[PDB]
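Undergrad:
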Amino acid sequence: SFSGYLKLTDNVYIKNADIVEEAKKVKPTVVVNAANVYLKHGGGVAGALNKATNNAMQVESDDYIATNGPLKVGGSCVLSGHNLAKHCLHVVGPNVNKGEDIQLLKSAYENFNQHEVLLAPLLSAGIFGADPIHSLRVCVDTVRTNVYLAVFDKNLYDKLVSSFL
Ligand SMILES: CC(=O)Nc1cc(Br)c[nH]c1=O
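All residue numbers for the sequence shown refer to my numbering, where the first residue is 1 and numbers rise by one.
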């Protein structure tokens with residue numbers, strides 16, 4: 001199972017880890033992708049997860065969008081986890097660099113409550129432009145299921161743990 005995580009709360013755990021390497025190691029039931037509404041996995045966590053699937057995640061995602069249309073900001077969809085997980089929960093957090101409402105971050109985290117255990121990144125963090133300290137606070141105050149957070153950057157991981165109230 002998950003190893004080397006620091007326990008933040010009853011149900012939230014955190015580790016300084018590459019979420020692709022973590023997923024390939026654990027092969028969790030659910031890996032969360034930091035998706036956009038179009039499921040265009042170009043960069044950040046989405047680009048890294050997609051590249052690990054040899055683009056199979058993008059091929060599957062384009063078929064999903066062709067059939068269903070784009071997701072909503074704050075929404076999600078369950079697709080295959082390919083070689084990384086049983087399932088991938090593609091969750092759209094608000095992209096602050098697109099003027100999207102930061103209040104949608106709580107709605108985005110609510111998607112995690114439909115899964116008993118998840119491997120996930122901090123939503124809206126990184127290239128999505130939100131404050132990762134704020135994302136972690138919304139995560140612990142919204143998610144009730146067991147969430148194992150992988151934070152890629154060591155310096156950000158240390159800042160998140162040392163400032164966690
Ligand atoms: C290649 C790459 O984008 N690496 C990662 C970035 C972030 Br943010 C999270 N996890 C990663 O594995």
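Quick reminder that beta carbons are idealized off the backbone N, C-alpha and C, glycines included.
1) Can you have a look at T53 and say buried or exposed, based on whether 16 or more other CB atoms are within 10 angstroms of its CB?
2) Quick check: is any heavy atom of ligand 1 less than 7 angstroms from the C-beta of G81?
3) Write down the C-beta distance between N36 and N95 rounded to the nearest angstrom, noting that I regard them as a contact closer than 8 angstroms.
4) Taking the straight line between their C-alpha atoms, what separation do you get for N33 and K159?
5) Enumerated in chain order, which unbroken segments of the beta strand (DSSP E) with a length of 3 residues or greater are wholly contained in the segment 43-119?
6) Closest to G74 by CA distance: which of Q58, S162, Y109 is it?
7) Locate the beta strand (DSSP E) running through residue 171, then write down its first and last residues.
8) Could you name the residues of the same chain whose beta carbon sits closer than 6 angstroms to that of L118, not counting the 5 residues immediately before and after it, in chain order?
9) Sorted by chain position, which residues of the same chain lie with C-beta nearer than 6 angstroms to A48's C-beta, five sequence neighbours on each side aside?
TA: Let's see:
1) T53 is buried by the Cβ-count criterion.
2) It does not: the Cβ of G81 is nowhere closer than 7 angstroms to a heavy atom of ligand 1.
3) Confirmed, about 7 angstroms.
4) Going by the C-alpha atoms only, they are around 23 angstroms apart.
5) 76-80, 87-92, all fully within the segment 43-119.
6) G74 has its Cα closest to that of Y109, out of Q58, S162, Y109.
7) Since the displayed the chain opens at 1 and closes at 165, residue 171 lies outside it and no answer follows.
8) Excluding positions up to five away in sequence, the list reads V30, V32, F112, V147.
9) Counting only residues of its own chain and dropping the five nearest sequence neighbours on each side, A48 has a CB closer than 6 angstroms to the CB of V20.
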